[PDB]
Amino acid sequence: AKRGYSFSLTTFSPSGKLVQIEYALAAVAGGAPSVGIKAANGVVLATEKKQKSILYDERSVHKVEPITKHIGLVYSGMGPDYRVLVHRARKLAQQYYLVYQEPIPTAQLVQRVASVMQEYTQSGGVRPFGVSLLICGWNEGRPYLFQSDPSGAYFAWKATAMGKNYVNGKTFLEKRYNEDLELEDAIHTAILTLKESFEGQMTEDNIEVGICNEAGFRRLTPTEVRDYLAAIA
Amino acid sequence: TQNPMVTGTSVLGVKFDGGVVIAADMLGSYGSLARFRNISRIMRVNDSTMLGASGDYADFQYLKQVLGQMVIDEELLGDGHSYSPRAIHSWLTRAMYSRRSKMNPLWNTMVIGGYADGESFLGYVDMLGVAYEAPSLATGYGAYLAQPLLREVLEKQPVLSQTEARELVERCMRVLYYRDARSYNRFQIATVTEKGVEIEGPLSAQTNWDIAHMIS
Amino acid sequence: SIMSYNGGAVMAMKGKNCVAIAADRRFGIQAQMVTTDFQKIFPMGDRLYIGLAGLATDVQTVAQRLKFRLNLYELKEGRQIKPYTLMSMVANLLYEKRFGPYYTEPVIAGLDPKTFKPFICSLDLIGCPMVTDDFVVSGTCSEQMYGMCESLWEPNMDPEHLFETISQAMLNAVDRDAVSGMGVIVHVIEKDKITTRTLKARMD
Amino acid sequence: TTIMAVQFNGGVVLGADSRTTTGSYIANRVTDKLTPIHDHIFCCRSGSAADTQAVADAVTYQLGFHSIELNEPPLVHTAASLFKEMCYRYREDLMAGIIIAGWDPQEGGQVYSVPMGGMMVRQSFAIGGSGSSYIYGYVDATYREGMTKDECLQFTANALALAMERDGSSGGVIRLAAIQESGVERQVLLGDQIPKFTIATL
Amino acid sequence: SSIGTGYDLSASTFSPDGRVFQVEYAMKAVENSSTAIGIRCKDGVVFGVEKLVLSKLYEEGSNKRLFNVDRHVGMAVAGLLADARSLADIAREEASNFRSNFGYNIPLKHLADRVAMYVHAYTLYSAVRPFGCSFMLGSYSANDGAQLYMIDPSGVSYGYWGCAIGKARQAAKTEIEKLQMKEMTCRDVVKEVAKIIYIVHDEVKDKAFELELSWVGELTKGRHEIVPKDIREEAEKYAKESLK
Amino acid sequence: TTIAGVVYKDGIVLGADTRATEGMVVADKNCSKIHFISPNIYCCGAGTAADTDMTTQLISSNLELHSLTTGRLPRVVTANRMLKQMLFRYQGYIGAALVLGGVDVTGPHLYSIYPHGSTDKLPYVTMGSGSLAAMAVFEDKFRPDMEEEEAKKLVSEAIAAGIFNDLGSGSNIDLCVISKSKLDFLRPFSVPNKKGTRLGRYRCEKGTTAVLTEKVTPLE
Amino acid sequence: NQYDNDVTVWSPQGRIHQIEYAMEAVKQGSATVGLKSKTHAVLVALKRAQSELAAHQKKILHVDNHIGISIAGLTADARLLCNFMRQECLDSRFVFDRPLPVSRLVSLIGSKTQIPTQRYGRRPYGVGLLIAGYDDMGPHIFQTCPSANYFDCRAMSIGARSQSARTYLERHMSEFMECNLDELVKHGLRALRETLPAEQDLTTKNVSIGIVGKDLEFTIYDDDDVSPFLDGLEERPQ
Amino acid sequence: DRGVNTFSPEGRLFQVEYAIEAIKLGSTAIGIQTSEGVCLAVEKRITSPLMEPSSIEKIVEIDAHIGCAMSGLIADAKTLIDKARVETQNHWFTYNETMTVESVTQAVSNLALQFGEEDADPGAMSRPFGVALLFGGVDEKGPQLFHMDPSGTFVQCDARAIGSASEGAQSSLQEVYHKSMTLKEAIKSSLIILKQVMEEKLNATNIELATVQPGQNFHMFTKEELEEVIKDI
Amino acid sequence: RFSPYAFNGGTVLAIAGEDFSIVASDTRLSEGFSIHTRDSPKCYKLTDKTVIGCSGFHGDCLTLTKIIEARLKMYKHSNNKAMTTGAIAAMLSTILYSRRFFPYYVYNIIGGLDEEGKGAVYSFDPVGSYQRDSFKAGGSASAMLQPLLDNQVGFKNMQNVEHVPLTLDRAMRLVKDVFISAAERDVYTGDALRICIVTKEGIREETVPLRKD
């Protein structure tokens, strides 16, 4: 038989900072690098997918996960915590579709997912998520890119970096980003900014990349990755 | 149970000198159809007590499961205490009434027979919760035909032997086969004594049909 | 009949680039008329209207609870509601009460924002949406309204021609119904203007 | 609807018709009323089509988990008890007459009959459904003690053919099933394959 | 095997080396209590527990460490007797629910698995503490045969040919290994079960003890019963004779 | 309402009418009765119109949630079990009669689901008001392993039989052909009935209606 | 020091300190003696007073016609446990129409007292009881403790300075079985006298006796009712 | 830090033992049982002369035959007295009779150790009542007096004193009380002991007095009626 | 469908005096047209000063008596007192009203002695309303006994009578005569009459045979 705690584990420090969220932001910082770029024509999400032992089956578990026909997710930090956030995002997208009969807007999904992330920073006997989320989507003739951090806040981005050396990524992205980029050119800079902190030569099994446009969100096949990966397309 | 499906008819019971005897036919009638012609309606509760039930047979199997377990659970302890015939009857009175008050009753009419402390016990339980003690008991159509025959002999002789009580029941079961449409000529004889509970197998009452010729 | 207790009739019609919605104004219990000025058509977003016909309580209750969900939708999302979105919102609201429904048959009429396209639909008491390109009717004199709309309606109609069509389709159908009448209000919805007219009708 | 299960030495023989009616119209003239629960356990369905199918799937789920947990082949008595516990607890809500017949390596061929009441009893043969009421005379007269497998197949096929002949709710096609240690073998007797019995004519 | 500045206070807390100390301290409670033995023969299982008499004022047959879970299942407990009776009641209820659902008597291999899951459920949370009791289960059937199982405070169940739990379980197991219990009849086994108990028992450290033995096999037709007074005195006479 | 489904060599052909009635009066002339479940399974609907829509949308929502978690195409048996267990739980109060049909990795599977919760697996099934007329066409002209165009002709004749004979059915014939590689959703397959165009125009002249009060509100 | 706060916390030795701390509560309360013969079960209890001006505490409680108890420790925990014992006896008589056996009732106490000793936030019942009862098996004397473990005893005494009473009952244990009702009560109070110091002894104001058996139901004797039992005493040894 | 139901090495609960320490801070109350009736006396303890003396009522009636004096935390007492007043009316409704003083005291004693954290109702107690009560009334057995404490140990008393100077007042009551005294002597004696232990001098507005007798109902002594017994200083 | 109630008959009578209380009832238990048993007394003793009677549905009678017996002990444990006749009568009123919407098909008559030592008889209805009276008859033959009780005991409708107080010897004769008259006309009353006498000494029981047909 079990009971369940009713008291919050995340509390305010004498300085005025929520200590558990501060350390949750440190968990994502030590995770695998992930980048997202909006290019007006479409959104591109790329992440480091290092299997390390080669005995691992690469195609079995994916880091880039689809939520609906036009929305996808990429993360940095802990795997198990992200997987729960995928299922919750997938469920919230379906609940919206049953009521309004319209595909969920990207900004509207993020607001609902961030509310769940806020809940775990205030509810009894639970720790915050150690995951920062990258949400991409296409609606109203416009591409979207959002960031959802452990606290429950959300930011709209043109281009952003996560995981290890994210500060080095963000400084590299602002030099590399342009207005009115092409979707196929956006994949080039996304796979290049990930190579800034990688060290062990990139193969089509080493990274995972997903694109989102007017046709919808889909994960790129290893054959499509191999074409882009050999320095040039 | 709101509507009974497979039902058993009359159950007899009469106490003699040094024990009680209970009899019931092995028939489970489905409305007018006699579907199951070989089912046990009389059970052994423990070592001194026995039970015979009328009405819905599916409801009886549930009581066979509960009372069966209650005896087993008591025998696990082995503290020297056992359920008396009066205790089983008192439980059954309280259990049938409880489900009556819930508006979901067990469609049953029981005859409790037992022998403890040198005393013979015979109890009756309705589906509503009506209970009493009687020297002779009969259920269903037995209360209309077999009971008058039981009360007649007990008026002349209150204390009967094991042989006299046995042939009395066999005489009552013959009449029940003549005038009850849901009865069958295959019954079990269950008897409690100081030695224990004993139930005999298939037994048929001999019937006379000589009155079929003397119409004209 | 539960629907025939208070009476009422609601009609919607399609034109070229305009939508028209008309309803009777009678509020009465069974046979006795009570109020001449009763609102049945409710604004939902400058260029989208809903007309409710059936039980007078459920007409007002649904309109209030739909406005409750409308404003929250327009605050969470930085956009005005779509006609298809509202249709599904009414369908969801009514189906929540499946085994105890609001005795009213909603009719939505209005133009699609940003895309200027006309839209009309009608729903059941339990919330079953159906889209048409011609007309949708609800009320006690449903059969009377069908007979007028099947003969008068034309494919492409201008705001002035659509007004004359929906007005005559209501007036004549209402005059054959005992529980409906006492004036007919018409809302003609255009991209530039909303024209509201109260027609001269029989007061018996 | 007519369902039948006869027990022999090596196992059991099951038989059922294929007609399911909603009033006077036949919704399905080729219904499979012999539902498998386990490897050697089968059941016969009669009554409400929605009720019989829902309980059968529930017992398959309950016994399936039971067989793995005990790490032994399931008993026929165990499978019949799971039908008993559902038909008795919800006797006022369900309209079902299930005959459970199968084989286990402990006891062998077994036939259990669970009617609408919710009771359970083991029988040598069991008949159920609306069409069974027409063959109570035939089965009682033709049944011989100690019949072989091939004799039980003929015994079930003849009784079903006579029931489908008279009953309006019964008809269609005969579906047979034989279960033993070797496994389960099923055969279907078609329109011309049905045992013909002469029609009374002057 | 020392760290205790935290890590050992809650059962839902792991230690740096990866150990749950709350379960281990409950295993210390069963080591402090007297030895409970039970061996499996060719045609059944015989139990034997040394019951330490704390005071001569207590009646003969008080504080029973032998329980009847089912009419065919026996139970021999060791450790804290408070938790022992509660685990017996849960086992009795589990055996009761099996007969109510399926009809036949519960197999011991399934019964031991179901109760061990209940024992393990108390080793996961901070709201509840693990049982400070280890117990043995034994039954005999015509199809299943002789079976013996043991469940420890953590919730681990294993089959045994001969098992002992208590004070000197290591000293007891060395004496069981000498016995050929795979060939021996359970009637001669009772003498050997009582023998090991007397050897294991400490006279200079502990006070006077009372012997309790149990049947479950072909001789008792499958039913778990207490050893009759005729055989119990015969077993005690055999054990005291070879004490020299 | 006349809905039907058939199993041919390559896949499944599903058929439906377009008439939706309120009592004994036609409410909708063109109504979609073939419903989307998954990119490989479609389901026809009959009985209560609101109950058919909401039950379909919930199963389609659950299977999309199911297919994304598994990472592969959903099965017809999964669609069947979800509809079977839900309708049984409500004891037939949700009046939804559904003809389920789709193509799996196992093959083509067709189901007929009743509001009470009973399901039947058959090569051909008919449900609705004009199901009696539609079944008679199948019981006369159906043959195992038939061609795609031959199966399309078989269902269209079955739906038409329910259209002309049954008063509950009418207007257009909708077809849905699902195979192993191709999915054809023919919305208007056949239009056997049409309105006899009005030769007498009843167009109301501008200013024939009397107006009491007028108010104009400008918009952006 | 760090393990003696909750019942859920185990000691490295393999002990629960909170249960052991609850055992000390029984030692704080005044002594009571419980003994049985072959036909009768007698409870003799010593009463304590906060002041000479205040009346003495109730030490013997009535549970049923055949079952009675004498409590030692916490008063509120005693009455709470007594209400459970009263209800269980009433439930058996309501259903089975027979007096509930003592062996059954004591087992029910060992089931209820076990629950709080294993759950967080809950505490053990800080009261020790001596249960006297008569059934089909004869007279019974049972001992229940803060720990769910219960004892079936020939004669037992628990409370403050109960060691002196415990030694006396051991030396005369063989005499109780063939002892009659009158003398068997004298044995109970004689053990209770040994607990008290040399100067003070038994009086009509501080002695309660509860007798149950074959002849009579459970009855509690108070002030003037206890005088026939006190008159005819052996007097205190030096 | 420990729980509310924690046992000491001595063998008693901390929260109960600390509740007894809370009474030693409250005002002193003296009750005397006599064959002619039971009297109850208490000091009001007025902090400021601006406060109304009639507002402080430490003696309150439960029924027409039972009165009670309270000490310690006055706020906690008003909850216990309210429970006692309901229990007497619940017994009157069911049995058509008046409860004995012992029965009423036992009913309040049931709510003694009804406190805890886990396995309790949302509206359950967290701490014991830090109140000593003196139930004094007349029933079928005559005039009776009972004393109750936080532990729930209720006992009959001939003369009992509880409060700040309870230990000093108890020794003074032992030297005066006997079995054959009168009610007028019991009233006279209680005033002499009370004026010795009080910080301020005895006055009619300073103290509160009430008597219960077999003749007539519970009577509260008014300012004028006190003057007859106050004049005997 | 299913009826939870059944009519079992039986008539219970009680007369109060100055120092005694008589409660009497027939021993017949029947259903429809058949007799279940000939030995089933409706009068039952609760305490040394109280005897209760039950008529109507026997299933409710058996359960209610066991509820009172359980409540008698619960009062005895808490209050340390034997429950008085007036307190039991007040308690039964609340027990019968707790089952207001599912009432007991039961007619109770409590007869015993009050606090002073005088005869007291309380009459109950199926719902709980009660009053104290000198005499009351309830059951199947209640309409047969009452008019004779109104005449002989109440001294009604007669002009010049001395008004003699009730005595035990005359009241015992009055009970035996009315049940003989009830057995001749009411089919539910017969077999044997059991009389319970509540005095300051104790409880007396006497059995007198009746018409068995």
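Throughout, chain H uses Swiss-Prot numbering, with the displayed residues spanning 9-241 in order.
Placement of Cβ uses the backbone N, Cα and C atoms for every residue, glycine included.
There are 26 other Cβ atoms within 10 Å of the Cβ belonging to H:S198 (O-linked glycosylation site). Annotated O-linked glycosylation site per Swiss-Prot: H:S198, in sequence order.
The phosphoserine feature in Swiss-Prot is assigned to H:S16 (among others). Secondary structure at H:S16 (phosphoserine), taken from DSSP and collapsed to helix, strand or coil, is coil. Applying an 8 A CB threshold to same-chain residues 6+ apart, the list for H:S16 (phosphoserine) reads H:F22, H:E25.
Residues or ranges marked as phosphothreonine in Swiss-Prot (evidence: similarity to another entry): H:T55. In the structure as shown, the Cβ atom of H:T55 (phosphothreonine) sits within 10 Å of 8 other Cβ atoms. DSSP gives H:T55 (phosphothreonine) a coil state; it is part of no helix or strand.
Within the same chain, no residue at least 6 positions away from H:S56 (phosphoserine) has a Cβ under 8 Å from its Cβ. The phosphoserine annotation in Swiss-Prot covers H:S56 (among others).
Under the heading phosphoserine, Swiss-Prot lists H:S63 (among others), citing similarity to another entry as support. The number of other Cβ atoms within 10 Å of the Cβ belonging to H:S63 (phosphoserine), over all protein chains shown, comes to 8. Under DSSP, H:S63 (phosphoserine) is assigned to coil, being neither helix nor strand in the three-state scheme.
A helical conformation is recorded for H:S198 (O-linked glycosylation site) in the three-state DSSP classification. Across the fold, the C-alpha of H:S198 (O-linked glycosylation site) and the C-alpha of H:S63 (phosphoserine) stand 22 Å from each other.
Across the structure, H:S63 (phosphoserine) and H:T55 (phosphothreonine) place their CA atoms 13 angstrom apart.
Contact with chain G, taken as any Cβ pair under 8 Å, is found for the recorded positions H:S16 out of H:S16, H:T55, H:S56, H:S63, H:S198.
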